[PDB]
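Worksheet for the structure shown next.
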Ligand SMILES: [Cu+]
Ligand SMILES: [Cu+]
Ligand SMILES: [Cu+]
Ligand SMILES: [Cu+]
């Protein structure tokens, strides 16, 4: 019975299991910007682009010219020269605006009077070109999409989850993303969410994470690990060190108000993270010796 | 919507059951280890036709032997029986011999025919199989030398690899389902279960020691064994899968008032398993829905 001993204590509570997981990265199918062709027309220009580039605000991409409107709008044009009640001209401007013509061009046909055709469609938001490439002069009708833009303000990782473990997960703090490529600063998480779709091969649920990406960083199909921390229904837990065995004999020490140490027989359950969880043997309150010293 | 050819499902509160197969090897108890040691300084005889592989059905004859020293004591009692001596002291010397290591059956046999007890033969303690037992002829043996050693076949130990995360979710023997490729059997009945402290460092694994009754004994320690484990889940809303419908964003089924009237009530799923699903927010607990239901618009 030395004196250079530390006193611990049985605490009630649960254990924390960790695990690392295969994370493939993805482009949010939500931060996409599509440009669609409201009317069936023809193309010219195109600009110098490939399928995967950067944009500033969208700015100008490929310009069209269309036949179907000029015929119709012209009748309007002479209707403004010859006698035509206000209501007449509006009807026409209405059938043209409905047929698809941008507002900015109509008001600037009524003001310049000079018939309109070459339209430049300035792309939305910032972002990264996805799809595209279609160029030169092609025949377009009815809204067909000619391009997209992918966002990188939110980014997507998806881990494979075993179903029971997946069911336990109910909070963002247990996740912990790490990435080989960019150690540097860590990578805050904005959202987590499970896709009830139960993979039939691996008994794996899809668990999606959204990622706070400002300065870019992550591309398609990089490499990332996702350590998570599960738990367990609470057990009487003690420091592993304060515990000892060797054979079939396993147990430790009890400290008293009247400081005298009496060995007590206990039976362990699990022991992860450096803390054991006892099946039976001790009571919640009892104190215990951690990293101490005694003499037989 | 008038004729009713339908089944009804009570919605309920409760957990879910996840099945999982696990690798199992078969093993012998370190506990059944029964060694046979010498009761004293003696010498050898016989050594029955036994190899290492052979199974001793019961405790049966391992060998014969004779013992010196021992002898001085037996005959001394023999003069006392003749020349009327202290019955108490004769029993004392017998207790000292029965203390040295003399079987009760042979001392009975001695008073019966009287013939001093010459050589006696030892018989194995436990049923099973010999694991080392080579000595033959007659050699010199002193103290507690292990002459022979045996392995038990009555209980058999099968170990599975467990994930410590899924570990504490075990709780009872009925979840385990034990199956071996070797044979479809009448009794793959497991008696006891327990966990070893050892964790698999590289990949987190507990070693789940199981113990299976093996009277028939047709289980070899090399065999392969598949363990269908079953896990559970914090109680959720429980609906039979057959009656849950979607293949798009639409996420619901039939809601019944019990008034015989059907209605589209929207729900959100959490997960599915083993033939039913659990709903992370959607319907009420007692609400009725319809599996097996069949009709149109
Ligand atoms: Cu127009
Ligand atoms: Cu426990
Ligand atoms: Cu004897
Ligand atoms: Cu749940």
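Note that we place each Cβ from the backbone using ideal geometry, even for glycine, and neighbour counts take in every protein chain shown. Nothing in this text is a laboratory measurement; each read-out follows from the coordinates by a stated rule.
Restricting attention to strands (runs of 3 or more DSSP E) lying wholly within segment A:1-61, give those where 2 or more residues are in contact (Cβ under 8 Å) with a residue 60 or more places away in the chain and buried (at least 16 other Cβ atoms within 10 Å of the Cβ).
Where strands (runs of 3 or more DSSP E) fall fully within segment A:1-61 and carry at least 2 residues being in contact (Cβ under 8 Å) with a residue 60 or more places away in the chain and buried (at least 16 other Cβ atoms within 10 Å of the Cβ), they are A:17-19, A:22-26.
Take segment B:245-279 and flag every residue that is within 30 Å of residue B:22 (Cβ to Cβ) and surrounded by 14 or more Cβ atoms within 10 Å (Cβ to Cβ). Let's see the steps before the verdict.
Taking segment B:245-279 first, the residues within 30 Å of residue B:22 (Cβ to Cβ) are B:269-279.
Matches in segment B:245-279: B:269, B:270, B:271, B:272, B:273, B:276, B:277, B:278, B:279.
Hey, among B:109, B:119, B:98, B:136, which residue is more than 11 Å from ligand 3 (Cβ to nearest atom) and either within 14 Å of chain A (Cβ to nearest Cβ) or farther than 30 Å from residue B:187 by Cα (or both)? Let's see the steps before the verdict.
Working: B:109 fails: more than 11 Å from ligand 3 (Cβ to nearest atom); B:119 fails: more than 11 Å from ligand 3 (Cβ to nearest atom); B:98 fails: more than 11 Å from ligand 3 (Cβ to nearest atom).
Within the list B:109, B:119, B:98, B:136, the selection yields B:136.
Take the residues in segment B:217-241 that are buried (at least 16 other Cβ atoms within 10 Å of the Cβ) and within 16 Å of ligand 4 (Cβ to nearest atom); name whichever of them is nearest to residue B:28 (Cα to Cα). Looking at the filtered set, the residue picked out is B:231. One residue is enough: does segment B:181-204 have a residue meeting the conditions over 27 Å from residue A:21 (Cα atoms), touching a strand residue (DSSP E or B) at 6+ places or on another chain (Cβ under 6 Å) and in contact (Cβ under 8 Å) with a residue 60 or more places away in the chain? Taking every residue of segment B:181-204 in turn, none turns out to be over 27 Å from residue A:21 (Cα atoms), touching a strand residue (DSSP E or B) at 6+ places or on another chain (Cβ under 6 Å) and in contact (Cβ under 8 Å) with a residue 60 or more places away in the chain. Of A:158, A:176, all but one fail to be free of Cβ contacts under 8 Å to residues at least 60 places away in the same chain and away from chain B (no Cβ under 14 Å); the exception is A:176.
Taking segment B:284-297 as the range and being touching a strand residue (DSSP E or B) at 6+ places or on another chain (Cβ under 8 Å) and either farther than 30 Å from residue B:20 by Cβ or crowded, with 19+ Cβ neighbours inside 10 Å (or both) as the test, the residues that pass are B:286, B:287, B:288, B:289, B:290, B:293.
Taking the criterion of being loosely packed, with under 13 Cβ neighbours inside 10 Å and more than 16 Å from ligand 2 (Cβ to nearest atom), the residues of segment B:195-216 that qualify are B:198, B:201, B:202, B:203, B:215, B:216.
Of all the residues that make up segment B:188-204, how many are away from chain A (no Cβ under 11 Å) and over 16 Å from the mean Cα position of the chain (by Cα)?
Looking only at segment B:188-204, we keep the residues that are away from chain A (no Cβ under 11 Å), and these are B:188-193, B:200-202.
Checking which are over 16 Å from the mean Cα position of the chain (by Cα) leaves us with B:200-202.
Residues flagged as away from chain A (no Cβ under 11 Å) and over 16 Å from the mean Cα position of the chain (by Cα) within segment B:188-204 amount to 3.
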